[PDB]
Amino acid sequence: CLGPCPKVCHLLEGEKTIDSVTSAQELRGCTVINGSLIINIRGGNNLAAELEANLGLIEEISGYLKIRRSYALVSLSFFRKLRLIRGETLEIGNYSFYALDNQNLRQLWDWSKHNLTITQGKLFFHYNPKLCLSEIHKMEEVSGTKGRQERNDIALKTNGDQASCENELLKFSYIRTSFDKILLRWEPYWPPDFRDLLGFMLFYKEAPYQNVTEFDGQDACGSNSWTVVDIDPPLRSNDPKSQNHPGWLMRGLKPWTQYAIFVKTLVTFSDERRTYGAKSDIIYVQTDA
Amino acid sequence: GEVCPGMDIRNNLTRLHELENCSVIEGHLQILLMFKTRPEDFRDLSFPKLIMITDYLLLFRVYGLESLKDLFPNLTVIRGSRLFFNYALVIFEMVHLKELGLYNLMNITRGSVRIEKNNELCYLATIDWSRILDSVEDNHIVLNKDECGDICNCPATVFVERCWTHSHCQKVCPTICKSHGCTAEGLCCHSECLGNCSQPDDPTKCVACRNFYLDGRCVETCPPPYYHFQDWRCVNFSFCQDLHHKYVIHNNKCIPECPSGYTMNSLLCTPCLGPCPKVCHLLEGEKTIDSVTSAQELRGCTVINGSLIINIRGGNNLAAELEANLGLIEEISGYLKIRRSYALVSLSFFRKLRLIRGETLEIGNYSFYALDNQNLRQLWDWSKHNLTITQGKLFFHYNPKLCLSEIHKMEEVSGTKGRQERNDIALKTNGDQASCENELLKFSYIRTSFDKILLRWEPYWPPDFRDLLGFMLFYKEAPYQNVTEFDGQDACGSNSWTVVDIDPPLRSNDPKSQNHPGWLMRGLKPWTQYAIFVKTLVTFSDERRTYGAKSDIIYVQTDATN
Amino acid sequence: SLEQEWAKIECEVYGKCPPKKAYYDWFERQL
């Protein structure tokens, strides 16, 4: 046409539940959804390919968008060009975007590329174990909800249980080795407010090979395989050039056995933009003969 | 005189205006960090009523002060029960002090002297600590000015003359007056006396005594019913009892707390009288346990006179410490709530909790409350344990790994079902992640092809066949027969269970149910080994027994074609 | 020894100084 003429697809009573391929295919080519969309994908089988072939042309949702109990869906990016959630109808609680119990959701849209404005309504995020807080906070800024001070119900404890989002990187400056004790010292790390550092937490696991990953064990997939040695915060110096490198002497090791080790910061929430925490890479130390 | 507690005054003359009419102090006196103080301030300050300090005396950075002979002149003896790191006299960083001046110091019962980094101090070598302290080996007197030229009639001991100031000698009396005191003429005081007395051979004229003081005449030991207190006075039973009520009797001495292995019985410290009950009272009827320290606060609290909240967080299991501390609680007078227990897999650390009285209840009239416990897998072992609830409802929500079987057994043990409590137990938020099918399905007949596997299993029907919604066949690649059972999350390996819903067969023929259900899988690959099991899909209800059946995993293989 | 090196470190970083310096620790804590 000359002038826009999108394929508006009208939903029964303003809601449509997408559970399988057939439910998604019913919205194939529906560039505008004149209702609310519920995604409830079930089963350990990922349908992201079929969801993008069918839902990936939707660019507007006139109602709310809810993703609840989506197991195999690791990403909402199958909404390949969803740019607007008008929120004319809202999920109870005045929510325009809703995300609950999504067990393997790792990311939303790629906010480095994608845009998604919300005309009205709040954001909701609960019990998304893999989805990081940073992924959600970027949505609050892109969606304009933060730009209109929406009291988004996004519980910090319930999301990003398994994920790790430490922008800062800790580097070990001292690795002395004995047959049963290793002395480590990492760089000094401090949040903007030094009191937000409640402490460090060392994580050392004896490794047969140098292939251990921090996400392994931390995630529910693998049982946790690290020694969570929590460490008190260091007595801070006024002079930044006199901040001694904190460290720990982990005890009771085995002779010439290789340990996989990393250290992480325990930083309390500071509201708004978090002061953020730091984490070291996995380092391998062979102790001594 | 009067009785005054321990005071810590720093840079506060107004706070100081309190020792003008007091004689003894049952603590420590710390005058330090005084920089505004000036000689003019001190020249008109004197406290001759103070006699003995119990714990210790500490002096630090007191400007303007040059001599202590006029501030505290009548100090004679120091007990030294509570020592400041094994020290009874602390003299540190005195930039304006010239001499000690304490010309009335006689003996030190317990403790040492600490003199370090004190400039401009003199008259240090003229003090005989041997006649004052029993063991001068722990004395630390270094880093001082003492050429001073101490000019003292004064006695001379091992020979150097002993004196405190230029006009006051050191009181050194013969051996016979070793500890009983001594007057100016050279006669010892009463056998119970100490330091100095006004009249020789008189126990009612001594201001300082080694033994306990009682009614002027110092006594060797406190006669009943006077209990020892602080090792210097003999207070009555009603005296230290009032101090306890805004102190417990033990070995003829009302001490603040009983030693290890004793407790107050309603004062006397005794451990078991008849049945032994410990009642721990909670602030405003609630106490939250989140860490080892919060649990240890309830160690041995057999009876909790309040409500208990468990909020343990983090992945580190504290069940061992929780059982060492909470595992002796046998009654909770309030409600019991468990919330956000990420790591706690079992409440069995309440090793002998038998009753939840529910006198106070969680809002909603709940006596037991369980919410958001991520890894709670079981409650108490109801095969062994008992736990009655006197009143109040049960609450269970969002306990993903706690199967409803454990919850329903609690409803029957706790008596809530026995009084028809409308327990708020969310049937599909507790134990959803855990399959609790207790009956078994066996694959009666297996047949395989290069692309397909035909399976049949034994027929199954709940007590009411209408409660059977169907079956669920789970199949997955299994190159190794190590596939762990389906635990509500498939497996950690990238391969995931393929769920196939199967509507139930036709109820037909004999009550033998001669209709073996079956399914034909078709999307399979040759050479490939597959793990398969079948689960039932059954309508749950207050029939309370339609738990369903589940097969063991079988590792069928397909045929191999070119 | 390695423990001795950390003994010093504990005092240096965490303020866990020997019992002989516990007395000095109080003065640092004061004010």
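As deposited, the entry is annotated with cryo-EM as its determination method and 5.03 Å as its resolution.

Residues and elements named next belong to chain B. Look at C173 and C182: UniProt pairs them in a disulfide, and at 2.0 Å between sulfurs the bond is present in this structure. What makes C173 partly exposed here is its relative accessible area of 24%. Since its relative accessible area comes to 4%, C182 is described here as buried. Of the UniProt disulfides, the one joining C272 and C276 is satisfied here, as the sulfur distance of 2.0 Å falls under 2.5 Å. On the basis of relative accessibility, which here comes to 47%, the residue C272 falls in the partly exposed class.

A few words now on the domain arrangement of chain B. Assigned domains within chain B: domain 1 (1–172), domain 2 (236–270), domain 3 (279–425) and domain 4 (439–557). Distance from the C-alpha centre of domain 1 of chain B to the C-alpha centre of domain 3 of chain B: 58 Å.

As a further point, take the packing of aromatic side chains. Under the criterion given, the structure shown has 47 aromatic pairs over all chains. Plain terms: the ring middles of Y127 of chain A and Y398 of chain B are 6.2 Å apart, the flat faces sit at 10 degrees to each other, and that makes the pair stacked. Here the residue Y127 of chain A occupies a position in the loop between β8 (122–126) and α3 (133–142), and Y398 of chain B occupies one in the loop between β27 (393–397) and α6 (404–413), the pair thus bridging two chains. For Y398 of chain B, a relative accessible area of 41% gives the class partly exposed. Among the aromatic residues, those joined into a cluster by ring pairs are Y56, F60, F84, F85, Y87 and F92 of chain B together with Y23, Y24, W26 and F27 of chain C. Cation over ring: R236 of chain A sits above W190 of chain A, and NZ or CZ is 5.3 Å from the ring centre. In this structure, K16 of chain C packs its charged tip against the face of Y14 of chain C, placed 4.5 Å from the ring centre.

Here we come to the side chain of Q162 of chain A. Here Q162 of chain A shows up in the loop between β9 (153–154) and β10 (168–170). Ignoring sequence-local partners within four residues, the contact set of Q162 of chain A consists of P129, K130, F215, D219 and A220 of chain A.

What follows covers the nonpolar core. All names here are of chain B. In this structure, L29, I31, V62 and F72 are the most contacted members of the largest nonpolar core, which totals 40 residues. Elements supplying a minimum of two residues to this core: β2 (7–10), β4 (29–34), β6 (57–62), β8 (89–92) and β10 (113–116). Not counting the four nearest positions on each side in its chain, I31 is found in contact with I9, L16, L58, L59, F60 and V62. The next biggest cluster of nonpolar side chains, apart from the first, holds 38 residues, and it includes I289, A295, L344 and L347.

Our focus in this paragraph is unusual backbone geometry. Residue and element names in this part refer to chain B. In this structure, the amide linkage connecting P224 to the following residue, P225, adopts the cis form with an omega of 10 degrees. Within the secondary structure, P225 is located in the loop between β13 (160–161) and β14 (227–229). Positive phi, normally seen in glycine, also occurs at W527, with a value near 65 degrees. Relative to the assigned elements, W527 resides in the loop between β34 (518–521) and β35 (529–538). Judged by its relative accessible area of 54%, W527 is exposed.

What follows concerns helix α5 (residues 319–326) of chain B. Residues and elements named next belong to chain B. Residues of α5 that are buried include every one of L322, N325 and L326, and no others. The buried residues of α5 occupy an angular sector of 80 degrees when the element is viewed end-on, so they sit on one face. Close packing links the buried residues of α5 with β20 (279–289) and α4 (292–296).

On to the interface of chain C and chain A, then. Opposite the nine residues of chain C that make contact, chain A presents 19 residues. Regarding the contact of chain C and chain A, the summed buried area is about 1200 Å², with carbon and sulfur atoms giving 61% of it. The largest contributions to the chain C side of the interface with chain A come from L2, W6 and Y14 of chain C, which together make up 51% of the buried area. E12 of chain C is the partner of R185 of chain A in a salt bridge, and the nearest nitrogen-oxygen pair spans 3.2 Å. Counting the contacts that link chain C with chain A gives five residue pairs in polar contact.

Rules used throughout
- Residues numbered from 1 in each chain as written, not as in the entry; some residues may be left out.
- Chains lettered and ligands numbered in written order.
- Heavy atoms only, no water.
- Residues with missing side-chain atoms left out of burial classes, pairs and counts.
- Disulfide = S-S within 2.5 Å.
- UniProt positions renumbered as here; feature names shortened; annotations may be inferred.
- Buried < 20%, exposed > 50% of the residue type's maximum accessible area, 1.4 Å probe, protein only.
- Domains from an automatic or database assignment.
- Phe/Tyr/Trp six-rings, centres within 6.5 Å; stacked < 30°, edge-to-face > 60°.
- Helix = DSSP H or I, 4+ residues; strand = E, 2+ residues; numbered from the N terminus.
- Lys NZ or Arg CZ within 6 Å of the ring centre and 35° of its normal.
- Contact = heavy atoms within 4.5 Å.
- Core = buried A, V, L, I, M, F, W, Y, C linked by side-chain atoms within 4.5 Å.
- Arc of directions from axis to C-beta.
- Buried area = accessible area lost by both parts, 1.4 Å probe.
- Salt bridge = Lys/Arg side-chain N within 4 Å of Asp/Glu carboxyl O.
- Polar contact = N/O pair within 3.5 Å; in protein donor to acceptor, adjacent residues only side chain to side chain.

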